[PDB]
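Undergrad: Below is one structure. I have some questions about it.
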Amino acid sequence: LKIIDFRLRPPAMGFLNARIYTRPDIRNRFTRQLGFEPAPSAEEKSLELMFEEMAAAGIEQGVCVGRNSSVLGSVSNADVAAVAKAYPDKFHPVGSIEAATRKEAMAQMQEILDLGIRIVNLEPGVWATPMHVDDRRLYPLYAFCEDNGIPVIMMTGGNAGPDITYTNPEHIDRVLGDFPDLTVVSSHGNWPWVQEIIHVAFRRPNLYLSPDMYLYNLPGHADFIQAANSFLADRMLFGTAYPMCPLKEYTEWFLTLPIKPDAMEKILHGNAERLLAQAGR
Amino acid sequence: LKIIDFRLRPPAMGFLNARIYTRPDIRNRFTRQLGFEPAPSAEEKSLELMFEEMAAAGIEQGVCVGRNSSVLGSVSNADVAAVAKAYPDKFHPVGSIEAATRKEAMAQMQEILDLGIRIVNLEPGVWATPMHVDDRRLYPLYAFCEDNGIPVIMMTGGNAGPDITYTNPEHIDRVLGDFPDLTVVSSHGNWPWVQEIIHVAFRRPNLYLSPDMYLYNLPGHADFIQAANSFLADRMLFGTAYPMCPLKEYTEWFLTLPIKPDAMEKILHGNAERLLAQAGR
Amino acid sequence: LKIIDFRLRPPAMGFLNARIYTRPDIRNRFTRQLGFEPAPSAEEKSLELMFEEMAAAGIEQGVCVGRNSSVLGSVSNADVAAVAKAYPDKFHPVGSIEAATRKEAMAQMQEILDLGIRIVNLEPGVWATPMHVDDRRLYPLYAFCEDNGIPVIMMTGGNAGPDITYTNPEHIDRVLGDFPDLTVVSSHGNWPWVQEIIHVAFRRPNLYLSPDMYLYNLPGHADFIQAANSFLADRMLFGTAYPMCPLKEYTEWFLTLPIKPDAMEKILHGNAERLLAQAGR
Ligand code: NA
């Protein structure tokens, strides 16, 4: 079985400057609170060990999700492009933006497009100026992304902002309503508001869900899996959130889940493949 | 066993001018997403075939829920009365209002009463002037309805408005709080906010839930069925949302759910009968 | 197995003036709707029968949560401290505040501390002027409590206020964010917003959950138990909400729950012992 991990941040270049690597202590406590042991590759910050674990898990490719955050640390978009070009068979680059203004957002989007990157990651709740995903100042960017076929990853689950209002499903739903042709991926799957996000997915055909780490032994698990076996088969994206979860143990667990095999193939690989090929029109 | 469908919109007269029939592409998309195949009678727009499917499903009566909506299309209240008087042993009429002002809401309620209809349907999130169910402008109407024993159906689940805020349980909860003797039916059962709406129903004894289409293989399913076997036995209403769901397959699926027979009788007909007899006091 | 009941209001001087005892009719209607029969000790208002019922269920100690409320009645803090001193082996006193002005709140907090009580209960949604738990006017009190190691019980589940907004998880989450060293216990466990509150508890290590009566055959049950068997073993507190639930039947049922033995020990008594010993640093 082929697997594309929709959230894999390798221990390479600028990724090591993000808090996921600069604060191994915080990360490891989070990993253990979830129910996993830290991945040896993550703890040793070894790309070599990561590649072994990746192959042993059955993961053929990883989506290298960029990050630019005052709160959570930063990897340069140039470094994300550099990691992907170094291993072009193994990695897909996703650029990120941290902006106070709409002009800063477009300058950075253009920087991303100049690197050949065609997907962007927005985590505005952990920016220097924290904002909701439906903040007015982000609307010109969504307009650009919608017009140019750029899919948008947005962190609308987990600790997406200062408090739980930053995950209320009203924020992602407004964006989807206002930009009906914009391809959106919700990283952390808008957890914990899971009954609600399944409705949003039901209503808004261009939303993909990626609960990633929060799929594991938490509220909403059964809701995600039920939807996976129905309409969400084409719109769920497998992801480990590595280094937050181990590649091996998360994937092995995932493959045992009662998701019907045709939906399993879509969720593990098929959907990501379609989205990644679609990116940039 | 007697079955009263609390949400059946027949392919007859002005019902055929509503988006549920004028846009079968939108309807069939939701139907297939739910996991059903479109009903032959819906696709054919045949009242004859609907009567066949209705009889085969074991459904003796349907509640013809009128609709007046800029977004979703409209059926005159006179058309609704006409359908019911044409088949008085098959159909119960429910009037609908679309208003910008409280006086327009009154004038339409009076028009409904003049037709001998004694239950009203409000879907204010899909009006030309969209509003929440707890909008100040609707309060005079709720006052009149409470004082005159008129049950109100209100769409507070599913795609009730422009975005998910139109299903936030705060809106229905305030209405129930401010009008504690007003009989209220939440059509689509305030889905997706199911953990929340069970609390609301627990607290507000005048609230009836009708999850209808959204009971099918979606989040909250087990919460609704748990409540149905306990305190909500007297306050849940069977409904298909036909033409959104086929009569046969929905009803056959409903009939095998784990609901004790005395709650099952109430939910299939007993609760609807009491409400229909109550209506107009 | 030793048990500490984190919500047990005895039929003793003062507590008898609250609506839990002055309206046995409303109370018994709730108890039966939940699915229990009223405790004989509650019905007969006998401290004598209560101790028998406690000992039979294995409840060694009860937390006599004081109440000061316009909506739900009041019991003076002196009366709470006097129940505890009459039975020092059986009862832990918890003070309560109802205040309009913060100088009223601070005089009441001082009174509590003078009475030897080291835990305060806040139910601001049921005060004469209802307010949310994150109301700016409560921040001085939280700051005092945080600096002086006073744990705060706050009712943020159930009928915590006039409507469901008074249990929206944004309110408790803000308090927890702005007072990260404050020990907070959510009485009624912030039910019905269970998927959400498990995230809040996951994020906010100072939060303890006591779902009490709402654990029983209601939405969120499986979420609470799953949390109890994972990260929340150290932060869940057994309680019956007596007289709302019978000591005998609630406790017997709770003991049959699939909670791993070391978590069962912590939740039944260990967590409370720790909290009660910590109280007042
Ligand atoms: Na919820």
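Going through the structure tokens in order, the chains are called A, B, and so on, while each chain numbers its residues from 1 and the ligands are numbered from 1 in the order shown.
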Contacts of residue 281 of chain A at 9 Å or less, counting only C-alpha atoms, minus same-chain residues fewer than 4 places along, as a list in words?

TA: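 Contacts, with the query itself left out: residues 147, 148, 149 and 150 of chain A.
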
Undergrad: Report as JSON lines the residues of chain C within 9 Å of chain A, each with its shortest atom pair and distance in Å (one decimal), using only C-alpha atoms, ordered by chain and increasing residue number.

TA:
{"residue": "C:169", "atom": "CA", "partner": "A:164", "partner_atom": "CA", "distance": 7.5}
{"residue": "C:170", "atom": "CA", "partner": "A:164", "partner_atom": "CA", "distance": 5.8}
{"residue": "C:173", "atom": "CA", "partner": "A:163", "partner_atom": "CA", "distance": 6.4}
{"residue": "C:174", "atom": "CA", "partner": "A:163", "partner_atom": "CA", "distance": 6.4}
{"residue": "C:177", "atom": "CA", "partner": "A:163", "partner_atom": "CA", "distance": 7.1}
{"residue": "C:194", "atom": "CA", "partner": "A:219", "partner_atom": "CA", "distance": 8.2}
{"residue": "C:195", "atom": "CA", "partner": "A:219", "partner_atom": "CA", "distance": 5.3}
{"residue": "C:196", "atom": "CA", "partner": "A:192", "partner_atom": "CA", "distance": 5.2}
{"residue": "C:197", "atom": "CA", "partner": "A:192", "partner_atom": "CA", "distance": 8.4}
{"residue": "C:198", "atom": "CA", "partner": "A:219", "partner_atom": "CA", "distance": 7.5}
{"residue": "C:199", "atom": "CA", "partner": "A:192", "partner_atom": "CA", "distance": 6.1}
{"residue": "C:200", "atom": "CA", "partner": "A:164", "partner_atom": "CA", "distance": 7.6}
{"residue": "C:202", "atom": "CA", "partner": "A:33", "partner_atom": "CA", "distance": 8.4}
{"residue": "C:203", "atom": "CA", "partner": "A:159", "partner_atom": "CA", "distance": 7.6}
{"residue": "C:220", "atom": "CA", "partner": "A:219", "partner_atom": "CA", "distance": 8.5}
{"residue": "C:222", "atom": "CA", "partner": "A:219", "partner_atom": "CA", "distance": 8.5}
{"residue": "C:223", "atom": "CA", "partner": "A:219", "partner_atom": "CA", "distance": 5.6}
{"residue": "C:224", "atom": "CA", "partner": "A:219", "partner_atom": "CA", "distance": 8.9}
{"residue": "C:226", "atom": "CA", "partner": "A:218", "partner_atom": "CA", "distance": 7.4}
{"residue": "C:227", "atom": "CA", "partner": "A:218", "partner_atom": "CA", "distance": 7.5}
{"residue": "C:230", "atom": "CA", "partner": "A:35", "partner_atom": "CA", "distance": 7.8}
{"residue": "C:231", "atom": "CA", "partner": "A:33", "partner_atom": "CA", "distance": 5.9}

Undergrad: How many Å separate atom CA of residue 81 of chain A from atom CA of residue 115 of chain A?

TA: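 Separation of atom CA of residue 81 of chain A and atom CA of residue 115 of chain A: 6.4 Å.
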
Undergrad: One decimal, Å: what's the distance from atom CA of residue 110 of chain B over to atom CA of residue 97 of chain B, could you say?

TA: 10.3 Å

Undergrad: Find the residues around segment 60-72 of chain C up to 7 Å (only C-alpha atoms counted), leave out those fewer than 2 positions away in its own chain, and share them as a ChimeraX atom specification.

TA: /C:2-9,18-19,54-55,58,74-75,77,80,90-98,121,126-128

Undergrad: Would you mind reading off the distance between atom CA of residue 59 of chain A and atom CA of residue 256 of chain A, one decimal, in Å?

TA: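 Rounded to one decimal, the two atoms are 15.4 Å apart.
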
Undergrad: Please list as a PyMOL selection string every residue within 10 Å of residue 259 of chain A, counting only C-alpha atoms and excluding residues in the same chain fewer than 4 positions away.

TA: chain A and resi 225-230+233+254-255+263-265+267

Undergrad: Mind checking DSSP for segment 47-208 of chain A and telling me the helix (DSSP H, G or I) residues as a PyMOL selection string?

TA: chain A and resi 47-57+77-86+102-114+124-126+136-147+164-167+169-178+188-190+194-203

Undergrad: May I have the selected residues written with C-alpha atoms, as a PDB file, in the first residue's frame?

TA:
ATOM      1  CA  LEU A  47      16.982  12.702   8.581  1.00  0.00           C
ATOM      2  CA  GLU A  48      18.655   9.309   8.058  1.00  0.00           C
ATOM      3  CA  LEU A  49      16.673   7.576  10.788  1.00  0.00           C
ATOM      4  CA  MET A  50      13.497   9.370   9.552  1.00  0.00           C
ATOM      5  CA  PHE A  51      13.943   7.861   6.087  1.00  0.00           C
ATOM      6  CA  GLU A  52      14.271   4.336   7.620  1.00  0.00           C
ATOM      7  CA  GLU A  53      11.130   4.832   9.724  1.00  0.00           C
ATOM      8  CA  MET A  54       9.276   6.266   6.698  1.00  0.00           C
ATOM      9  CA  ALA A  55      10.144   3.207   4.515  1.00  0.00           C
ATOM     10  CA  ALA A  56       9.352   0.804   7.365  1.00  0.00           C
ATOM     11  CA  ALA A  57       5.929   2.486   7.823  1.00  0.00           C
ATOM     12  CA  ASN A  77       9.912  29.123   2.438  1.00  0.00           C
ATOM     13  CA  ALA A  78      13.285  28.916   0.604  1.00  0.00           C
ATOM     14  CA  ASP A  79      14.270  26.090   3.009  1.00  0.00           C
ATOM     15  CA  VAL A  80      10.946  24.258   2.368  1.00  0.00           C
ATOM     16  CA  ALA A  81      11.595  24.477  -1.410  1.00  0.00           C
ATOM     17  CA  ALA A  82      15.191  23.326  -0.822  1.00  0.00           C
ATOM     18  CA  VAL A  83      14.119  20.253   1.190  1.00  0.00           C
ATOM     19  CA  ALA A  84      11.661  19.209  -1.543  1.00  0.00           C
ATOM     20  CA  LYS A  85      14.143  19.711  -4.400  1.00  0.00           C
ATOM     21  CA  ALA A  86      16.760  17.649  -2.483  1.00  0.00           C
ATOM     22  CA  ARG A 102      -2.877  41.964   3.436  1.00  0.00           C
ATOM     23  CA  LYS A 103       0.085  43.446   1.522  1.00  0.00           C
ATOM     24  CA  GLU A 104       2.501  41.382   3.629  1.00  0.00           C
ATOM     25  CA  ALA A 105       0.362  38.305   2.907  1.00  0.00           C
ATOM     26  CA  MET A 106       0.561  38.854  -0.893  1.00  0.00           C
ATOM     27  CA  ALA A 107       4.295  39.643  -0.869  1.00  0.00           C
ATOM     28  CA  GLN A 108       4.928  36.350   0.885  1.00  0.00           C
ATOM     29  CA  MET A 109       2.470  34.433  -1.373  1.00  0.00           C
ATOM     30  CA  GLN A 110       4.426  35.764  -4.366  1.00  0.00           C
ATOM     31  CA  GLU A 111       7.703  34.662  -2.727  1.00  0.00           C
ATOM     32  CA  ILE A 112       6.121  31.205  -2.379  1.00  0.00           C
ATOM     33  CA  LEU A 113       5.018  31.107  -6.033  1.00  0.00           C
ATOM     34  CA  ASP A 114       8.520  32.257  -7.129  1.00  0.00           C
ATOM     35  CA  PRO A 124      -3.041  32.909  11.751  1.00  0.00           C
ATOM     36  CA  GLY A 125      -3.943  32.061  15.338  1.00  0.00           C
ATOM     37  CA  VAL A 126      -0.268  31.704  16.247  1.00  0.00           C
ATOM     38  CA  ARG A 136     -11.113  40.454   6.816  1.00  0.00           C
ATOM     39  CA  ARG A 137      -7.339  40.977   6.241  1.00  0.00           C
ATOM     40  CA  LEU A 138      -6.983  37.412   4.921  1.00  0.00           C
ATOM     41  CA  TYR A 139      -9.870  37.713   2.406  1.00  0.00           C
ATOM     42  CA  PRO A 140      -7.781  39.300  -0.386  1.00  0.00           C
ATOM     43  CA  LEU A 141      -5.386  36.316  -0.091  1.00  0.00           C
ATOM     44  CA  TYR A 142      -8.240  33.798  -0.283  1.00  0.00           C
ATOM     45  CA  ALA A 143      -9.540  35.669  -3.328  1.00  0.00           C
ATOM     46  CA  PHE A 144      -6.100  35.302  -4.975  1.00  0.00           C
ATOM     47  CA  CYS A 145      -5.810  31.633  -4.015  1.00  0.00           C
ATOM     48  CA  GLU A 146      -9.328  30.844  -5.283  1.00  0.00           C
ATOM     49  CA  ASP A 147      -8.735  32.623  -8.626  1.00  0.00           C
ATOM     50  CA  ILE A 164     -10.760  27.670  21.950  1.00  0.00           C
ATOM     51  CA  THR A 165     -12.589  30.443  19.983  1.00  0.00           C
ATOM     52  CA  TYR A 166      -9.814  30.026  17.409  1.00  0.00           C
ATOM     53  CA  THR A 167     -11.180  26.589  16.597  1.00  0.00           C
ATOM     54  CA  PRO A 169     -16.232  25.990  13.358  1.00  0.00           C
ATOM     55  CA  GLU A 170     -17.857  29.308  12.436  1.00  0.00           C
ATOM     56  CA  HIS A 171     -14.486  30.633  11.268  1.00  0.00           C
ATOM     57  CA  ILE A 172     -13.647  27.931   8.707  1.00  0.00           C
ATOM     58  CA  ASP A 173     -17.316  27.760   7.587  1.00  0.00           C
ATOM     59  CA  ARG A 174     -17.388  31.495   6.687  1.00  0.00           C
ATOM     60  CA  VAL A 175     -14.244  31.138   4.593  1.00  0.00           C
ATOM     61  CA  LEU A 176     -15.734  28.132   2.743  1.00  0.00           C
ATOM     62  CA  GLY A 177     -19.043  29.959   2.212  1.00  0.00           C
ATOM     63  CA  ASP A 178     -17.259  33.100   0.942  1.00  0.00           C
ATOM     64  CA  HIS A 188      -5.855  18.967  12.971  1.00  0.00           C
ATOM     65  CA  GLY A 189      -9.314  18.482  11.365  1.00  0.00           C
ATOM     66  CA  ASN A 190     -10.942  21.315  13.390  1.00  0.00           C
ATOM     67  CA  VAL A 194     -15.915  17.156  15.411  1.00  0.00           C
ATOM     68  CA  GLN A 195     -19.705  16.718  15.188  1.00  0.00           C
ATOM     69  CA  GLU A 196     -19.726  20.239  13.772  1.00  0.00           C
ATOM     70  CA  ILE A 197     -16.872  19.882  11.250  1.00  0.00           C
ATOM     71  CA  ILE A 198     -18.466  16.783   9.698  1.00  0.00           C
ATOM     72  CA  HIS A 199     -21.482  19.007   8.902  1.00  0.00           C
ATOM     73  CA  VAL A 200     -19.167  21.692   7.454  1.00  0.00           C
ATOM     74  CA  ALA A 201     -17.508  18.989   5.234  1.00  0.00           C
ATOM     75  CA  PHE A 202     -20.995  17.722   4.305  1.00  0.00           C
ATOM     76  CA  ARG A 203     -22.059  21.239   3.311  1.00  0.00           C
TER      77      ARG A 203
END

Undergrad: Mind the document's chain letters and residue numbers, and return as a VMD selection string the residues of segment 18-252 of chain B that DSSP labels strand (DSSP E or B).

TA: chain B and resid 61 to 65 68 to 69 73 to 74 91 to 97 120 to 122 152 to 155 184 to 187 207 to 210 236 242
